[PDB]
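Engineer: Pasting a structure here, questions to come.
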Amino acid sequence: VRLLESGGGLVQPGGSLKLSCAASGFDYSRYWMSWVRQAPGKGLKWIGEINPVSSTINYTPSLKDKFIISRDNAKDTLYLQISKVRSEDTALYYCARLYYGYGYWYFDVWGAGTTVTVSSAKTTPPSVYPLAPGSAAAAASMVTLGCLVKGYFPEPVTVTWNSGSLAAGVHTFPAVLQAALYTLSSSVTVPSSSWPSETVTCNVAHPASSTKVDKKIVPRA
Amino acid sequence: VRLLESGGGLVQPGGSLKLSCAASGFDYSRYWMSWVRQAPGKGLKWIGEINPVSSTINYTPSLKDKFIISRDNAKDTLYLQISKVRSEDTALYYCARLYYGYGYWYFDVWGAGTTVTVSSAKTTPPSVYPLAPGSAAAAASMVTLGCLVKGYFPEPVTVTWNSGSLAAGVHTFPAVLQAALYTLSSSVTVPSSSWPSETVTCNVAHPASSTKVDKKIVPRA
Amino acid sequence: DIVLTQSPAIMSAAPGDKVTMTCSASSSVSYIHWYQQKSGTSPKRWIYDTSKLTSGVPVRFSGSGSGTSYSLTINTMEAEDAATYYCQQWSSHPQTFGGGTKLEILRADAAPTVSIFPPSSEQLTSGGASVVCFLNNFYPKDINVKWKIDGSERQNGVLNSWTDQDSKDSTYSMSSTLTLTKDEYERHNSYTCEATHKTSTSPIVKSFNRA
Amino acid sequence: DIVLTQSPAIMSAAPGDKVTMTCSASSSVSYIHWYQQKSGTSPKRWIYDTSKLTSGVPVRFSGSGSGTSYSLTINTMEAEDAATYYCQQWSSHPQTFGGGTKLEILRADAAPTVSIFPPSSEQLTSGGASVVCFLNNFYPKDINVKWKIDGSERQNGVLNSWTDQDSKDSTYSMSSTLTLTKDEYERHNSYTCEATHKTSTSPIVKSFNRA
Amino acid sequence: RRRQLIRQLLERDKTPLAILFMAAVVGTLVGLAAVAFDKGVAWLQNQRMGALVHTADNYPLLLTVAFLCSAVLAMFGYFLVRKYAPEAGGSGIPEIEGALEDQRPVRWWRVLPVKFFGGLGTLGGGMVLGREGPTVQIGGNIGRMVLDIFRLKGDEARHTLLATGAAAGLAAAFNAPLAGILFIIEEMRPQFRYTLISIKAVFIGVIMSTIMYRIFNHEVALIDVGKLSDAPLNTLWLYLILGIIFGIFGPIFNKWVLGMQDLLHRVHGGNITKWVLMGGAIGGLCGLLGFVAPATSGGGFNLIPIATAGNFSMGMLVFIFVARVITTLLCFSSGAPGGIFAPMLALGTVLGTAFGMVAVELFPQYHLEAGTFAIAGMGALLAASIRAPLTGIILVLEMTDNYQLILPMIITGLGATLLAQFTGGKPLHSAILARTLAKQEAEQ
Amino acid sequence: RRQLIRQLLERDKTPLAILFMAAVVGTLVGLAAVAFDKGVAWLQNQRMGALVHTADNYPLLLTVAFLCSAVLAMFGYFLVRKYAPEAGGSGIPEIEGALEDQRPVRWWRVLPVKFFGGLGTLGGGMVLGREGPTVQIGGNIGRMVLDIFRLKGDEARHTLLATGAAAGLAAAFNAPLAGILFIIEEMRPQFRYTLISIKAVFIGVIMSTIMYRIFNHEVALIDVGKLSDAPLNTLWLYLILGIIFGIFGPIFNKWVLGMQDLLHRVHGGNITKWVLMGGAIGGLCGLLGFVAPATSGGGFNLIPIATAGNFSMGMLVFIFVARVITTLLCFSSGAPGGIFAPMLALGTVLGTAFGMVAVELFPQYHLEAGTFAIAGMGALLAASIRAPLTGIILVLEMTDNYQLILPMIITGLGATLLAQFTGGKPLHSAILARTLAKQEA
Ligand SMILES: [Br-]
Ligand SMILES: [Br-]
């Protein structure tokens, strides 16, 4: 059994979007469904739930038409609509399947997630720059390289070196938001025998703005 | 509750094809399913049945792998594979859901049919021409218009008038094969006090090539 | 495997008439079922287990039999019963359907309503020309159409098509289409379609002028 | 309504060793459940009803408690016990989780492998200029960073960003990037970068010069 | 007596081939009989719904042909009862109970046709009475009839066949082969002295009768509720509480059903005419209600599905309840032929759903579905009024098929019989023999 | 007549003292039964884990399997013949007696002997059920509280001994209804009237199930899915099946009894050839519970598999014979442990067989062998032990296919009818009558 929620992304403050969770592996009836969000570095919170025949839908201590939960047992899917979105709603959003033991219910199996970002910033592709090491540096046993993916919105970019085939000794630091744009930096450590000699490429995709880019790191003339 | 068979049309003689019947409005477990065929203007011949756990699959007395009835209870769907197709298999295939009273099983709720055509000919979309009255229209109480549907292959086509909002007063004549092509006409009778004073459009639909064509009948210029 | 054979293959009768068709079987069947197939619809479960009615089958309909003989019986028929009825047995494997009795209705006369249509301007841009002619809602089904280009007999490439009986008003209809090469249509002026039918001695003529 | 507060905020303990996280509610809770979350994946159910292992769970884990005080426990903590454990009740409506307690490895104290990078030739071509310091692999995580532009210390226009612990070796990393404007950068020369870690009395200087 | 016991143990479960066969016959006959009876009540309610179409407009005219119709059949019923067979009024179960203790005669040449046709009357006109009454009595008579017509000798047969007939009848009434048998051995059999009733026998009969009932009423059940959800262990205490309420209310309902038998006797003295006229008066009152608010009339088998699904409001429920208490008392106490089982299942559902709703919005963390409470309470009135919990449990079970709810059902139905005990109530079927029997001694 | 009215008005009135005591008997048997279950699990764990220990060397493992069951069997037979002889075999026939006041209820003895001793025979994986241990253990628990609370009178002594037995049979299969139905079909004194309050028996069964569920909730012993239904033109088939079960039912009784005899000769009545013949059979089973496990164990694991039509016809006939051979060997040998469970298994396996043959003999009935398996599952219980009503309800509570009630009843009745006409006897009575007439001879 997999749980696959789609439908998030970027919305403007005041707007609305319909998050959409598609179920497989089990009989999707007989099961109460739930939505729990987790707001970027913070406590998981419960949104609401809906029983299999829709006869009850219960939300959290939260103002009127903020959330519409509903379910279509025919295509096998659980929806959640948020309207009048503010930035409180910029969060990672999970559907879950509800079960129990002694009868104090628990959150049985969670889906991957989707991200909702509610900001008035505009999509913007990232610029990609190679950090090659300086003419003032000693060519040791290990040699640190890196690219800087600068000035994009929203999240995320995926950065992999040499098409994931330089899989070992990589770090991709968390992005940071500044003046309505994001910035992060990737760092591969290859051994001194390996580089320039071979070709270390870094690969950035920011799908939010149809960006696929490969910046080759060359040494320094 | 409804069964919707599909995937027929043209086969090369000796070729093969997958009909998929697809179900909805009843627990599609719980039932044996079946197929039956009607060769043009003739009786009914059972092809084969199959229970819910695909454990038992019987066929009509026929050859080693002539037919293969299969089902997949995740998609709510019945299947049928015909192989080395002679021209006896030129027919309409019904899928039908099975059941019983005292105990002798009967074909319960039948699908709609799909047509199979075994030929070395070629798929051809219809040309559709409007039959409106010659200006010398002696406009009585009512007024007959029609549209001509010429040179398609294979069968069938579906002609409704005004998305079907016009039902009472419609004839659609059987097709005639004019040496490797099919042709037919369809007549509609409306109040004269309602045309040309208003819209009358004929919607031909020839599923074998996936084409709808909507001709608006216009009084001669 | 069991060969079910159905009695009248085709049978006329007028509403009111008490009607009986038959299903006879080569071995010993029990609890046969019956389908009603109307025109260009799908078979519908009609009578099952020899005499039970599917839900919302009018009580005029009844079934019975046993052994080798089985009959379905419409008691005071009604025009909407115009269908083809199949019996089917599943008492021995594999199951098997009859050949089907086709019911037909007899009703009072009705004269054809003729309509004539010249080749459409769009059709003439294809190098083709089809003059069409709808004769609508006549009874009985026997009609003779007849085509006259500037008076003279044309038999060369005409095509007829008839519908089955209508399921509510029980009339038949028919279409006739003449086909010509583009110039070959153009090289005339008066087109006529002449329709001769029981409801009237003097042939019904409809026509159109190119000029 | 119910406020579960987990007591060890963040925490560390070496492999094969005893681990004990609290959870203490405002009113009164019965039978709670515990979820494990590894960075960037689905929360998983781990313990439930005050203390039952879910199919799959290593037997080293365990719960217990009453009313206003529960706890999870690892007896021989491991590599793959790296994750965040969230208690959650639903003995009262509406349900609530705790803040969570992240579990982190304690290891062999390490000094940072420091790299410094000059702005790309492509970036400068656009008016901005960012100098990037990577501090890679180091335990614990407390660290300070300091930039020196032309030997002078500068605090504004700097962005640091730490990773979480590593699965290859339970070390940290951290990138410091100071962004000046081409004009504001071309006008200085000595750019230096100073790391202050628990493993030294003297900070690691790694720097570069434009000349 | 050890020597004797070994002799008995080796001879255990050996029922003479004659009884076994005769039981086959009795079931077969009660079956057909019960089927035929059902066909009739269907028809008579069919005419009534057809004759209300006939006089479609003029509201007050229609409100008249509803009343006058039930009224005309009720009367025909009470008459056929008071004149030809007095002992057929009321349920009919207390009279067979007596016959097993050999304290009441089984005048079958009388009761068969009186209860059959007479019941068609009170049931067709749509009065708040069940089928069991008619069939359990009808059945046992059928059982005597064949004991008589085949002059079979001995204590075993006369008890055994009178039993199986009664069971076959109760089964055929609900398509409940198990409940039929369980009923005989929880409430039918002589409750204080041992009795030679062969269980294997009783069975063969119940089976035949069910097979019969299925030959004709196959492919459609009386109650269809779909598979409800499950009941978590921390939910159970709730069903006890429900049982307690059923437990204080069960005896009370017995007080009335009895005290009402009294109050209504004063109204006609014992006189054939004020009875019959008081009969069609109540009977008509019901056939009228079976239009202006049908959920207050009829057996009650129709409102179960509806109520369980949580389709009624809390308001409509409280109404439906009172309205039914007031018509069940009125119809049964008045001594019209026909049981009190069915109406009691209905009252239990309705009361159960009510509890269920209140429960559902009092505890959201239990994730309830009021429908389960309707199903635990369905056989609860039968367990506090009637004191036959085990048959009720299995009766519900065989008709709603939601075995996952066996715990709840048991616990509710038990709370019921415990509280019915501690508040001094008595088995409503015994309290009725005891009355009808002490009234045969207080007139000498 | 005057007396009856006095009785009718006082009907269904059970002294608050008994009712309360029933509650504690159930609660006690419940926990007891649960505890017992936990143990047998454990001991079968060990055996499965010690077979991994010594993973290669084929003949070395075929040895540690044997020696393991062999060691626990012995420990059982010993604990039986030494401290409590009346705890061998079923235990149901002994409690039946106790209700007729013809056998003592030596609880200070039997409780610990049957409990620990059963663990033994069941853990080593022998072909015996849980009912024996628990129905007896249960009744004893029932005496224990009558004794420990010096409760006076005929009513209590009968009533509590019964509810205890029931509660025990329930907790053995999670069958609250079967439990009660069993007391009123085979436990209660079958010929004189007895003052056993049903309301009481209930309160007990309930408490015990509630207990069993507190620990073994979320998983059922047999899971078969909702099988298809059964057309009315198909029933005659289930009568035929019942008939076959009806002629085989008594025969299995003969053997089960006749083997009790043949196996006595093999040890005289001597505590040592017994115990050594014990671990020999016990060991034989734990060995088989590897080279072909469907011939060993209680049998609750092969029901699901066989019902689904997963075995070939060949593997079925085999499984059948092999099981007759080990059920006779284990029960007749007098090891502690009932015969119910193994008899459900044999009925399934014979049912499936009928089912397959039926399935390809009539393709027009559209059968599923699975339903025959389920009509037959309680057919042995209806022709060997003559308690059809409890069997039907015991299957029903465990497979939940109420739509098959007709078939089930018809097969099960065809069974008790033919068991009757070919002279067999209630295997639980035939065993009291033997053990009781050997008390006077
Ligand atoms: Br009464
Ligand atoms: Br024994």
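The residue numbers of chain F are those assigned by Swiss-Prot, with the residues present covering 18-458 sequentially.
Quick check of the header: X-ray crystallography, 3.3 Å.
Backbone N, Cα and C define each Cβ position, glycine as well.
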Engineer: With respect to the membrane, does Swiss-Prot record F:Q119 and F:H284 on the same side?
Structural biologist: yes
Engineer: Between the intramembrane segment (F:177-189) and the intramembrane segment (F:109-116), are there three or more C-beta pairs closer than 8 Å, counting only pairs 6 or more apart along the chain?
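Structural biologist: The answer is yes, given that the two segments have at least 3 Cβ pairs within the 8 Å cut-off.
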Engineer: Once the chains shown are all counted, how many other Cβ atoms turn up within 10 Å of the Cβ of F:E203 (site 'Mediates proton transfer from the protein to the inner aqueous phase')?
Structural biologist: 20
Engineer: With the transmembrane segment (F:124-141) as the reference, which stretch in F:77-100, F:215-232, F:330-349, F:422-438 has the largest tally of C-beta pairs below 8 Å?
Structural biologist: F:77-100
Engineer: Is it the case that the transmembrane segment (F:253-281) and the transmembrane segment (F:33-69) have 3 or more CB pairs under 8 Å, with pairs at least 6 apart in sequence?
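Structural biologist: These two stretches do not touch.
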Engineer: List, by number or range, the same-chain residues at least 6 past the intramembrane segment (F:417-421) whose CB is under 8 A from its CB atoms?
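Structural biologist: The answer is 241, 243-244, 246-247, 388, 391-392.
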Engineer: So if I exclude everything within five residues of the ends of the transmembrane segment (F:77-100), which remaining residues of that chain have a CB under 8 angstroms from its CBs? That is, six or more out.
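Structural biologist: Sequence-distant neighbours of the transmembrane segment (F:77-100): 60, 63-64, 67-68, 70-71, 126, 129-130, 133-138, 140-143, 288, 291-293, 295-304, 306-308, 351-353.
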Engineer: Short question: which residues 6 or more past the ends of the topological domain 'Cytoplasmic' (F:167-176) have a Cβ under 8 Å from it?
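Structural biologist: Contacts of the topological domain 'Cytoplasmic' (F:167-176) (Cβ under 8 Å, skipping residues fewer than 6 from its ends): 31-32, 34-35, 38-39, 116, 160, 206, 211-214, 217-218.
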Engineer: Are there residues at least 6 beyond the ends of the transmembrane segment (F:288-309) whose Cβ is under 8 Å from a Cβ of it, and what are they?
Structural biologist: 64, 68, 78-79, 82-91, 93-95, 98-99, 138, 141-144, 280, 339, 343, 346-347, 350, 352
Engineer: Checking distant contacts: for the topological domain 'Cytoplasmic' (F:282-287), what same-chain residues at least six beyond its ends satisfy Cβ-Cβ under 8 A?
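Structural biologist: For the topological domain 'Cytoplasmic' (F:282-287), the far contacts come to 294.
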Engineer: Checking distant contacts: for the transmembrane segment (F:355-376), what same-chain residues at least six beyond its ends satisfy Cβ-Cβ under 8 A?
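Structural biologist: Hits for the transmembrane segment (F:355-376): 107-109, 144-150, 152, 254, 257-258, 261-262, 265, 273, 315-317, 319-320, 323-324, 326, 328, 330, 333-334, 336-337, 340-341, 344, 347-348, 382, 384-398, 401-402, 411-412, 444.
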Engineer: Which sequence positions outside the intramembrane segment (F:405-416), separated from its termini by at least 6 residues, show Cβ-Cβ distances below 8 Å to it?
Structural biologist: 190-195, 198-199, 202-203, 237-239, 241, 357, 361, 391, 394-396, 398-399, 422, 425-426, 429-430, 432-433
Engineer: Quick one: DSSP breakdown of the topological domain 'Periplasmic' (F:310-329) into helix, strand and coil?
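Structural biologist: The topological domain 'Periplasmic' (F:310-329) comes out at 9 helix, 0 strand, 11 coil.
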Engineer: Sequence-remote contacts (6 or more beyond its ends) of the topological domain 'Cytoplasmic' (F:117-123), Cβ cut-off under 8 Å?
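Structural biologist: Non-local partners: 101, 103, 111, 156-157, 160, 178, 206, 453.
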Engineer: Take the intramembrane segment (F:193-201) and find every residue of the same chain, 6 or more past its ends, with a Cβ under 8 Å from one of its Cβ atoms.
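Structural biologist: Same-chain contacts beyond the ends: 179-180, 182-187, 213, 215, 218-219, 222-223, 226, 404, 406-407, 410-411, 414.
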Engineer: Take the topological domain 'Periplasmic' (F:310-329) and find every residue of the same chain, 6 or more past its ends, with a Cβ under 8 Å from one of its Cβ atoms.
Structural biologist: 139, 142-147, 238-241, 244, 302-303, 336, 339-340, 342-343, 358-359, 361-363, 365-366, 369, 372-373, 385-387, 390-391, 394
